[PDB]
Amino acid sequence: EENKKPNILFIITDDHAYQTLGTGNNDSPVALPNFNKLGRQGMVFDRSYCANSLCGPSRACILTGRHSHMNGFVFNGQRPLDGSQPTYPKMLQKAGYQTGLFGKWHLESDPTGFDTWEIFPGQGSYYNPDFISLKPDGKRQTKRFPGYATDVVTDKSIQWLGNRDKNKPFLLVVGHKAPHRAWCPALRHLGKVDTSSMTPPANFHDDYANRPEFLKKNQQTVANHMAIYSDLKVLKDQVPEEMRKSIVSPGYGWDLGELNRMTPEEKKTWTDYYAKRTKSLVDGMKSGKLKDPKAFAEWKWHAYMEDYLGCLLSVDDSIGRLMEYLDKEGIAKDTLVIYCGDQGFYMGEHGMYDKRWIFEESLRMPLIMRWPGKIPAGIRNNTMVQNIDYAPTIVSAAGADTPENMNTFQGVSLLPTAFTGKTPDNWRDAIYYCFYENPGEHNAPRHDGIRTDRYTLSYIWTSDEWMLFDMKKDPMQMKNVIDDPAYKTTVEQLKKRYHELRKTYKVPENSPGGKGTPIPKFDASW
Ligand SMILES: [Ca+2]
């Protein structure tokens, strides 16, 4: 009588832009053959979004199937996630799954619902990573594992799979650091990415005309908010001392902390390679070419892109090893593979890096699923889905969709659209988005809004400014049409829909709050 329950392998990277996902001809600035093969075997979701574009909050939305103001983790703050609330791992654990988590957590409380967990302290490190775990007595320990984080998380994950109770279906969360700042590739990949043929986005030199005034205060531009030695790997002791002031943005001269973690042999391979980029900077300053701020900005983009894409090469290696394991173990047909990035990222669009904004690059999050025989292979899905939907999807796939469990979710199961590749009748017409971390690193504003099929509508609470983009006519989001008479009735209807969604999702009046309010705190609710 019992029906087989599928294993669930959830691979989650950090800050992976959909523009670099590697699934087809137009998102492969570098070739990622294992990403491409996963897509060929499954479904890529091209209208996949987050509800709060920030690392911690996205992971909490994924765990709970609920918006940030409901799960309580609204910013990368020091208020811990309340792990006693409902979460999908606990629901699967209860339903007979063996559950494991390796890598990034950053939710400030011990993981709950995981039989096994070994997590980075915080952000994690690319080189020689530390991991925190409990001993049998319940007490915390921290151990360093030599190697490169993307490889080490994969090693521990495959080792755990081999030692699992094979009579229980597994849930395995593989939480990669990559491609998070400061984008340090594995030594074997240094020099494997040549960006000389690449061109920055058409709006790389965005002056922010026709956008809310607050955008001009953003502190996530490639041109002015990158650390020349840490983000872009320049070797200070190979820069003439007289030239150091001209290459550092004020306050952005910190050291690359990864170098202190490396062995001398590792550091030498690294600095041997980065001497080339450093000489490029020095020669470009001496020639006067990089004294043109726009030219220096493009030079910084090529360094950022090289390192960022270089990090993806080892994520592709990880996907390959994990999928090879499932293949050889004979369990690929009974495993639902989910790949996502916590959120998307700007690859120079609007002159920016990072995320946070409701703008499409960071509202999007890459999402691929594979479940052979259930999810059609090689399909691109244009259905609007969101990270609050992953928990009900997983719980439904696991057969743990009790009324008690499902009643805790604000998202909806994606299985109807993952099984068809099409948009179901009466599918949700809009999603809600809210971002809270102001004041905060990068100075993105507290802002919320909705995304429909065609429009993005947002109120910026910090600056008291409304914005509307018509994605049919302006997909690059360069023209705020909130005050254009052509959109007067559209604005009226969308504002109505925005207040309806705030009411449906139980958003408090005065959240997320303007400059006159503290960043809000919430008790978990469901
Ligand atoms: Ca992130």
Side-chain angles (χ1 to χ4, degrees), residues 10-21 48-64 67-68 71 73-78 81 101-108 111 119-126 129 149-150 153 173-185 218-220 222 225-227 230-231 257-258 304-305 307-312 314-315 318 338-349 352-368 386-388 390 433-438 440-444 447:
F10 199 150
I11 303 169
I12 173 170
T13 54
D14 202 304
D15 301 338
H16 193 194
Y18 70 86
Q19 304 93 285
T20 69
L21 187 58
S48 171
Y49 296 117
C50 65
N52 184 345
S53 183
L54 193 55
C55 313
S58 175
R59 286 175 176 75
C61 287
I62 290 169
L63 292 163
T64 61
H67 283 284
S68 299
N71 68 55
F73 202 90
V74 307
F75 78 112
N76 285 339
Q78 303 180 5
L81 176 75
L101 163 64
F102 297 95
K104 187 167 181 190
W105 180 247
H106 219 193
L107 290 171
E108 311 275 327
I119 60 173
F120 298 142
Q123 294 288 354
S125 299
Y126 280 102
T150 311
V153 168
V173 177
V174 178
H176 281 303
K177 178 176 178 65
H180 196 271
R181 195 179 190 179
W183 313 292
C184 298
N218 88 74
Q219 297 168 9
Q220 59 193 88
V222 170
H225 303 101
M226 295 197 108
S230 181
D231 291 331
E258 299 281 350
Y304 162 58
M305 285 306 286
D307 292 353
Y308 184 96
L309 297 169
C311 288
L312 294 181
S314 52
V315 177
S318 176
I338 302 175
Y339 174 86
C340 77
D342 66 351
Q343 6 67 14
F345 213 62
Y346 297 93
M347 299 323 290
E349 296 95 351
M352 296 186 286
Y353 64 106
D354 207 68
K355 56 261 173 192
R356 303 175 181 264
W357 285 85
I358 198 174
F359 300 138
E360 196 77 345
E361 289 83 3
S362 54
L363 184 69
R364 283 276 275 113
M365 57 196 291
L367 173 64
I368 306 167
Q386 196 175 33
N387 59 346
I388 57 166
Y390 297 0
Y433 177 84
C434 188
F435 178 84
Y436 296 80
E437 196 169 276
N438 192 283
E441 194 172 13
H442 297 296
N443 198 41
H447 64 297

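Computed from heavy atoms alone, side chains included, the values below leave out hydrogens, waters and symmetry copies. Numbers here are sequence positions counted from 1. Numbering of ligands and ligand atoms starts at 1, following listing order.
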Original post:
At their closest point, which heavy atom of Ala182 faces which heavy atom of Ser230, and how far apart are they?
Top reply: CB-O, 3.7 Å
**OP:** Write down the atom of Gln386, the atom of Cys50, and the distance for their closest heavy-atom approach.
**Re:** NE2-O, 3.1 Å
Subject >> Mutual orientation of the aromatic rings belonging to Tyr433 and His447 [parallel < 30°, tilted 30-60°, perpendicular > 60°] >> reply: tilted
Subject >> Close aromatic pair by centroid cut-off 6.0 Å: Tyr353 and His225 >> reply: no
Subject >> In the protein, N/O/S atoms that are found under 3.0 Å from the Ca ion (ligand 1), waters not counted >> reply: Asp14 OD1, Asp15 OD1, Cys55 SG, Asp342 OD1, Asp342 OD2, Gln343 NE2
Original post:
Between the side chains of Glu361 and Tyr18, does any donor sit under 3.5 Å from an acceptor?
Top reply: no
Original post:
Is a donor on one side and an acceptor on the other found under 3.5 Å between the side chain of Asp231 and the backbone of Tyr304?
Top reply: no
